[PDB]
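Asks: Sending over a structure as structure tokens; questions will come in a sec.
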Ligand SMILES: C[C@H](NC(=O)C(C)(C)Oc1ccc(C(F)(F)F)cn1)[C@@H](Cc1ccc(Cl)cc1)c1cccc(C#N)c1
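Protein chains in written order, with the deposited numbering: chain N, 2 to 124; chain R, 100 to 301, 1001 to 1196, 333 to 412.
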């Protein structure tokens, strides 16, 4: 499968931002979509996750601020954040998991290129 | 030169024209009225029309109409009204019959595709195929069947080409007949192979997590498994998943093991941890394995059967998942009689009820510690009721797959009755396009040509015998 990001860029503190990750596969593409973030000098961590509908999960530090959605017309995932905080400066990746129904231990994880997002307190 | 002239193909005794005519009328009217009944039932019911998986039935019924009316009207256009048939009306009738057969084949094709999606890719059936995709696919199927039916009218007839001309049907050539029979035959062969593959693969995959594949009782299986790991008999806990932070809370499990390490009941506990991932978590698990003699960590890839045995032997399964969308691990554990201790989040919130297993909050090692202590306390009594209830619930979530398999079996029955009814006719068409064409084969063709109308008769009969929902809709109509 092929994964592409869009919407990265700098934004002032307390603003809003959107990222869109598009996947290209053979059958339904990804099964579980997610966003991971990696701060400099800090290992990657899972910011948000989704499978379909209202079956979402958000990291405990970003609950009530971030939101995630999926679209089947173009088979993409949209991440919206509002009221940015200056510790959110990180490189963001969209992760796609294809898991087999017959035996749950097998799974395939695909990582995209990622985009750099910097939060500045002042303009 | 004339459509449906029985005397041309065989000499019929003049004592039974009336019997043949009245039998044809009763069969044709029965087919038409029962097909309109099927359309009325499938269209007047909200439950059936909102389900894409039943759409093929309506399509088949429409095809069952197209081959039926064109039959009985062609009896009216010849016997009771002695008007002859021109080239255009004869080609129209032939196109109607061929369109009916091609639409039946294409409907079976779309049904087979839908069956494969619904059975062998259940996580994608809900979101790939919906109303617009299914209705568009059926529309293109019907239009392509229509255009291959109409091609001889556009100038692909015997008259315009002035080439070698078919004997079993006038006004058409051998090339168009060969093309149509070839595409129909290759499509039908693909359908047979696809349905055989679907019914074969789903036979072993669906009925795989049952306890019937394990030999011996639970206690001796657990004893043998623990002796394989060099541990004494005790209450066994199992974790299988992914070594990472954020997706599966294996670090929560390790913190819980560290907390229980300070208590006096830790020596009764046995822990098995299986996974692969971050080297830090793997090293942490290896350090706990080296420290305590009742903790086993497996990192290398395991086979499906081995994990089947493990569910069969352990007493509890810990699923401290932060974000578990589907809860497949819980389903596989409860299918093999293992009590799940899972975080109350995602599908694990509603797969496991308060009676089947134990639910904790996400990300709290203390709550997991108290849950494991409560599980050890419950292990003092008999857990057979928990095993049977978990097995019943896990089998209850698998009811959709069995109904899908039953629908696939009904489709296989429709396909095989189609093949049986259209076998000899298609073979006779092969003999016509390839080789000589004598009078005896003409008589055989005339005899077996009623099998198409018999096939249209028997297609909606088996819907009542198989489709319970169609029967419910029909009863609600009355
Ligand atoms: C019944 C038609 N058979 C015939 O016309 C020939 C081949 C002349 O032999 C028969 C067969 C039966 C009858 C009778 F007595 F029942 F009316 C009369 N003639 C057959 C003609 C036919 C045309 C194309 C194909 Cl591929 C197959 C059969 C047809 C006519 C209309 C609808 C359907 C279906 N439903 C089938």
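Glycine included, C-beta positions come from ideal geometry on N, C-alpha and C.
Check this for me: beta carbons of residue 298 of chain R and residue 342 of chain R, under 9 Å apart or not?
Replies: Between residue 298 of chain R and residue 342 of chain R, the gap from beta carbon to beta carbon is short of 9 Å.
Asks: Which runs of the alpha helix (DSSP H), 4 residues or longer, sit entirely within the region 1046-1092 of chain R?
Replies: 1048-1058, 1077-1089
Asks: Under 9 Å, Cβ to Cβ, is there at least one residue of chain N near residue 1166 of chain R?
Replies: no
Asks: Check for me: the alpha helix (DSSP H) holding residue 180 of chain R runs from which residue to which?
Replies: Counting along the chain, residue 180 of chain R falls outside any alpha helix (DSSP H), and DSSP gives it neither H nor E.
Asks: Counting only beta-carbon atoms, is residue 110 of chain R nearer than 9 Å to chain N?
Replies: no
Asks: For residue 269 of chain R and residue 344 of chain R, I'd like the C-alpha separation in whole angstroms.
Replies: 37 Å
Asks: With distances taken Cα to Cα, identify the nearest neighbour of residue 382 of chain R among R:357, R:406, R:372, R:122.
Replies: Per the Cα distances, R:357.
Asks: Given 8 Å as the limit, tell me if residue 193 of chain R has its C-beta closer than that to any heavy atom belonging to ligand 1.
Replies: yes
Asks: Do residue 264 of chain R and residue 336 of chain R have their CB atoms nearer than 9 Å?
Replies: no
Asks: Closer than 8 Å to a non-hydrogen atom of ligand 1 - does that hold for the CB of residue 407 of chain R?
Replies: Taking 8 Å as the cut-off, one finds no heavy atom of ligand 1 near enough to the beta carbon of residue 407 of chain R.
Asks: Cβ of residue 197 of chain R versus every heavy atom of ligand 1: is any distance shorter than 8 Å?
Replies: The answer is yes for residue 197 of chain R.
Asks: Below 8 Å, is the gap between the Cβ of residue 264 of chain R and the nearest heavy atom of ligand 1?
Replies: Residue 264 of chain R: no, Cβ never under 8 Å from ligand 1.
Asks: Using alpha carbons as the reference points, say which of R:158, R:235, R:1124 lies closest to residue 134 of chain R.
Replies: R:158
Asks: Looking only at its own chain, which residues have a Cβ that is under 8 Å from the Cβ of residue 219 of chain R, when we skip the five neighbours before and after it?
Replies: 297, 300, 301, 1003
Asks: Hey, how far is the Cα of residue 394 of chain R from the Cα of residue 137 of chain R?
Replies: For the pair residue 394 of chain R and residue 137 of chain R, the Cα-to-Cα distance works out to about 7 Å.
Asks: Does DSSP put residue 219 of chain R in a helix, a strand or coil?
Replies: The answer is helix: DSSP assigns residue 219 of chain R an H, G or I state.
Asks: Pick helix, strand or coil for residue 261 of chain R, following the three-state DSSP scheme.
Replies: coil
Asks: Would a check of beta-carbon distances place residue 28 of chain N closer than 9 Å to chain R?
Replies: It does; some Cβ of chain R falls within 9 Å.
Asks: Beta carbons nearer than 8 Å to chain N: which residues of the region 151-167 of chain R have them?
Replies: none
Asks: According to DSSP, is residue 1109 of chain R helix, strand or coil?
Replies: In this structure, residue 1109 of chain R counts as helix in the three-state DSSP scheme.
Asks: Which residues, taken in chain order from the region 1018-1048 of chain R, show a beta carbon closer than 8 Å to some beta carbon of chain N?
Replies: Here the close residues are 1038, 1039, 1040, 1043, 1044, 1045.
Asks: In chain N, which residues lie with their C-beta within 7 Å of the C-beta of residue 1003 of chain R?
Replies: 103
Asks: May I ask you to list, following chain order, the residues of the region 68-90 of chain N that have a beta carbon less than 7 Å from some beta carbon of chain R?
Replies: Among the residues of the region 68-90 of chain N, those with a Cβ less than 7 Å away from any Cβ of chain R are 73, in the order of the chain.
Asks: Closer than 7 Å between beta carbons: that is the criterion. Which residues of the region 24-51 of chain N meet it against chain R?
Replies: 28, 29, 32, 33, 46, 47, 50
Asks: Could you tell me the boundaries of the alpha helix (DSSP H) in which residue 299 of chain R lies?
Replies: 273-1004
Asks: Does ligand 1 have even one heavy atom less than 8 Å from the beta-carbon of residue 104 of chain R?
Replies: yes
Asks: Find the nearest neighbour of residue 211 of chain R within the set R:1101, R:338, R:1138, R:399, judged by alpha-carbon distance.
Replies: Of R:1101, R:338, R:1138, R:399, the residue nearest in Cα terms is R:338.
Asks: Is the region 1090-1099 of chain R touching the region 1022-1031 of chain R in the sense that three or more CB pairs, one from each, lie closer than 8 Å?
Replies: yes
Asks: So, is the C-beta of residue 1195 of chain R closer than 9 Å to a C-beta in chain N?
Replies: Judged by the 9 Å Cβ criterion, residue 1195 of chain R is not in contact with chain N.
Asks: Using the rule of at least 16 other Cβ atoms within 10 Å of the residue's Cβ for burial, across every protein chain shown, is residue 355 of chain R buried or exposed?
Replies: Around the beta carbon of residue 355 of chain R, 16 or more other beta carbons sit within 10 angstroms, so the residue counts as buried.
Asks: Could you check whether residue 12 of chain N and residue 18 of chain N sit closer than 9 Å to each other, using their CB atoms as the reference points?
Replies: yes
Asks: Quick check on DSSP: helix, strand or coil for residue 188 of chain R?
Replies: helix
Asks: Please classify residue 149 of chain R: is it buried, with 16 or more other beta-carbons within 10 angstroms of its beta-carbon, or exposed?
Replies: exposed
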